[PDB]
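Here is the structure we will look at.
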Amino acid sequence: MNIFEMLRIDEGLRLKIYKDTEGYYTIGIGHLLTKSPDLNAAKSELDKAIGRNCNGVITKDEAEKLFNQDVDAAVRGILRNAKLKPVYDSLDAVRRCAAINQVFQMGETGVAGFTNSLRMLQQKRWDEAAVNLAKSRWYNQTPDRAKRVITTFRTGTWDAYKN
Ligand SMILES: O/N=C\c1cccs1
């Protein structure tokens, strides 16, 4: 297991524009196109991202290319975020994957409400952090995925994904 395999499980792979769990136009492996309810705006974003007229459909290679870009940008974002970087750097490699996963799903804006969880993670108070992480809109809206990510934070193992 690694971050790509982990997010591939959590996000799936769809080659046609679809709406994510929040109702937002998305494609590939959780590549958010726009929060606009306008499908045409989503198609424009898609074409811009891929560099051709896609008419709402991409290939697996194209999906994987966006995925690589998205994972990389997520990590690089964490590293330039003064609140997230010290916590991220305090973690072992497996828990770092949980951090990347959460940011990938919620964005840095989404992680802004997790100050108390972050503190517990940096303190390596794993059970306490796990309890705190679940007290969230995130948990309640996507519980099965959040449970997997939280188990990863709690244990620093891949137990929730090796299935
Ligand atoms: O927990 N979700 C995101 C992050 C944690 C620590 C650095 S990023």
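Including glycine, each Cβ sits where the backbone N, Cα and C put it.
Annotation source Swiss-Prot lists active site, proton donor/acceptor at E11, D20. Positions annotated as substrate binding site by Swiss-Prot: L32, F104, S117, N132.
Sequence features, as recorded in Swiss-Prot, placed on the structure.
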residue: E11; record: active site, proton donor/acceptor; Cβ contacts under 8 Å, 6 or more apart: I29, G30, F104
residue: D20; record: active site, proton donor/acceptor; Cβ contacts under 8 Å, 6 or more apart: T26, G30, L32
residue: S117; record: substrate binding site; Cβ contacts under 8 Å, 6 or more apart: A129, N132, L133
TODO: Please find which two of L32, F104, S117, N132 have the most distant C-alpha atoms, given that the record lists them as binding substrate, and give only that distance in angstrom, rounded to a whole number.
DONE: 27
- [ ] Quick one: of the recorded positions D20, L32, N132, flag those whose CB is under 6 Å from ligand 1, and say none if nothing qualifies.
- [x] none
TODO: Could you tell me which three-state DSSP class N132 (substrate binding site) falls into?
DONE: helix
TODO: Tally every other Cβ atom lying within 10 Å of the Cβ atom of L32 (substrate binding site).
DONE: 18
Open item on the list: Please identify, from the binding-site residues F104, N132, the residue with the sparsest Cβ neighbourhood, meaning fewest other Cβ atoms within 10 angstroms.
Closed with: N132
